[PDB]
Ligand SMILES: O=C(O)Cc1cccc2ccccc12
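Below, in structure tokens: the form deposited without the ligand, a single chain.
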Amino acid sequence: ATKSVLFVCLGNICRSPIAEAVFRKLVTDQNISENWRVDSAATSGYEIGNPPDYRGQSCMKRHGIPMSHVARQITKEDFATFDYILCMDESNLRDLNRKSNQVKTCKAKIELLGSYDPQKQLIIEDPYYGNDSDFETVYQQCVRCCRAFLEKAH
């Protein structure tokens, strides 16, 4: 039975495509990518059609994890098809819950990705107005959370 996860952030050009790429690498490394549908989407329409922010690409290149995506906004269908929708911050979470209540079928469990962090850094903060170190922190959070999520979903 194929499992599925959608990572979600505000623009879908940084936090969620990083989480998506980190997770895809993890399952590929453990020989189970074929068992997973992995994707990412945005709560907003700010960046639809755009590639991941290059500041995030720079970070990912340093860690040797390839990343490619075209930003898209989450849709009503996503709530029906995904097992998990894992988002970055409380604002994302409130929007996703609002949207989920507008559809008939919500298969997805909607949660903060950070709820999986063994180090308990609950929020994955938007690094848009931040510096290199903020992108690195996002990356590290995604690694820790994705590993924990794969090991045992809530």
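Heads up: residue numbers just count along the shown sequence, starting at 1.
A second form of this protein, the form deposited with the ligand bound, is not displayed here; the remarks below concern that form.
Visitor: At 2.4 angstroms from backbone or C-beta atoms, do at least 3 atoms of the ligand clash after superposing the site C-alphas onto the pose in the entry with it bound, making the site blocked, or is it open?
Guide: By the 2.4 Å criterion, open.
Visitor: Sort through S68, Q102, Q119, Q30 and report the residue having a heavy atom within 4.5 Å of the ligand in the entry with it bound.
Guide: None of the other options qualify; the answer is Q102.
Visitor: Looking at the partner-bound form in the entry with it bound, is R72 within 4.5 Å of the ligand by any heavy atom?
Guide: Although the ligand is absent here, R72 would stay clear of it in the entry with it bound, with no heavy atoms inside 4.5 Å.
Visitor: Can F79 be called a contact residue for the ligand in the entry with it bound at 4.5 Å between heavy atoms?
Guide: Answer yes; at least one heavy atom of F79 falls within 4.5 Å of the ligand in the entry with it bound.
Visitor: At 4.5 Å between heavy atoms, only one of the stretches 94-102, 107-115, 32-40, 58-66 reaches the ligand in the entry with it bound; which one is it?
Guide: After filtering at 4.5 Å, what remains is 94-102.
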